[PDB]
Amino acid sequence: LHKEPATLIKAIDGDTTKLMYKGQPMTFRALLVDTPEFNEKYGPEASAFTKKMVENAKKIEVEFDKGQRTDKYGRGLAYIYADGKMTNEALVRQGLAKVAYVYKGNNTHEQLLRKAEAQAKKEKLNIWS
Ligand SMILES: Cc1cn([C@H]2C[C@H](OP(=O)(O)O)[C@@H](COP(=O)(O)O)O2)c(=O)[nH]c1=O
Ligand SMILES: [Ca+2]
C-alpha cells in the first residue's frame, strides 16, 4: 500500500475527518475501526483524540487499501496517518475504537489493529474498562 498526501479541512469525529485529497474536499472514514458516536460513552473522548492527532499534525497522509476506496455514502475509506502515526491503530490501542467492519479485500492492517486491541483490552483502557 502507499501513502498519499492530504490536508486537514476539519475534524468530525473519532473515525471520520474532512480532508482535501487530490485537491477535492472529501469525508474520510477510517478503515477497520468503529468509534462510539459522539452521543455514546467514550464518543467525545474518541472525537477529541482524533481531533488532536489531525490538528497537531504537520503532515496528514491517506493510504487506500486494495478494495473499495469509497463507501456507499461517498466517504473515502483509508488508513489515515498524522505525522506518520496511523489514527486507526492509535484509537484502537487506546481503547477508543473497536476493530470492526473488516471486509475481505480491504483488510491489509487487520492483524496490526487486532494486536493493538488485545493490548488495550489487557490494560482495560477506556472502552475495555
Ligand atoms: C468502515 C466502513 C463502513 N462502511 C459502512 C458500513 C455501515 O453501513 P450502515 O450505515 O448501513 O450501517 C456504515 C458504518 O459507518 P459508521 O460507523 O460511520 O456509521 O458504513 C463500509 O461500507 N465500509 C467500511 O469499510
Ligand atoms: Ca462510528
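All Cβ positions, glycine included, derive from the backbone under ideal geometry; neighbour counts span all protein chains shown. Each reported figure results from applying straightforward, stated rules to the coordinates on display, with no laboratory input.
If residue 40 meets every condition in (1) in contact (Cβ under 8 Å) with a residue 12 or more places away in the chain; (2) within 13 Å of ligand 2 (Cβ to nearest atom); (3) surrounded by fewer than 21 Cβ atoms within 10 Å (Cβ to Cβ) apart from one, which number is that one?
(1)
When you scan the stretch 19-42, do you find a residue that is of a type in the set (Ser, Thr, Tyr), away from ligand 1 (no atom under 11 Å from the Cβ) and touching a strand residue (DSSP E or B) at 6+ places or on another chain (Cβ under 6 Å), even just one?
yes
Looking only at the stretch 51-88, which residues are surrounded by fewer than 20 Cβ atoms within 10 Å (Cβ to Cβ), within 17 Å of residue 107 (Cβ to Cβ) and in contact with a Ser or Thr (Cβ under 6 Å, 6 or more places away or on another chain)?
65
I'd like the full set of residues that are in contact with a helix residue (DSSP H, G or I) (Cβ under 8 Å, 6 or more places away or on another chain) and hydrophobic (A, V, I, L, M, F, W, C), limited to the stretch 20-38.
30, 31, 32, 33, 38
Out of the stretch 2-12, which residues are in a strand (DSSP E or B) and either farther than 21 Å from residue 46 by Cβ or without any contact (Cβ under 8 Å) to a residue 40 or more places away in the chain (or both)?
The answer is 3, 4, 5, 7, 9, 10.
Any residue at all in the stretch 46-68 that's closer than 28 Å to residue 128 by Cα, without any contact (Cβ under 8 Å) to a residue 40 or more places away in the chain and under 10 Å from the mean Cα position of the chain (by Cα)?
Looking for residues that are closer than 28 Å to residue 128 by Cα, without any contact (Cβ under 8 Å) to a residue 40 or more places away in the chain and under 10 Å from the mean Cα position of the chain (by Cα), one finds none in the stretch 46-68, hence no.
Here is a yes/no grid of residues against (1) touching a strand residue (DSSP E or B) at 6+ places or on another chain (Cβ under 9 Å); (2) more than 14 Å from ligand 1 (Cβ to nearest atom); (3) of a type in the set (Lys, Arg):
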{"residue": "53", "(1), (2), (3)": "yes, yes, no"}
{"residue": "76", "(1), (2), (3)": "yes, no, no"}
{"residue": "98", "(1), (2), (3)": "yes, no, yes"}
{"residue": "111", "(1), (2), (3)": "no, yes, no"}
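Looking at residue 19, is it of a type outside the set (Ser, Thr, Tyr), on the phi > 0 side of the Ramachandran plot and either in contact (Cβ under 8 Å) with a residue 60 or more places away in the chain or in contact with a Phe, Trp or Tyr (Cβ under 8 Å, 6 or more places away or on another chain) (or both)? Let's see the steps before the verdict.
Values: of a type outside the set (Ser, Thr, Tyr): yes; on the phi > 0 side of the Ramachandran plot: no; either in contact (Cβ under 8 Å) with a residue 60 or more places away in the chain or in contact with a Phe, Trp or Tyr (Cβ under 8 Å, 6 or more places away or on another chain) (or both): yes.
No, not satisfied.
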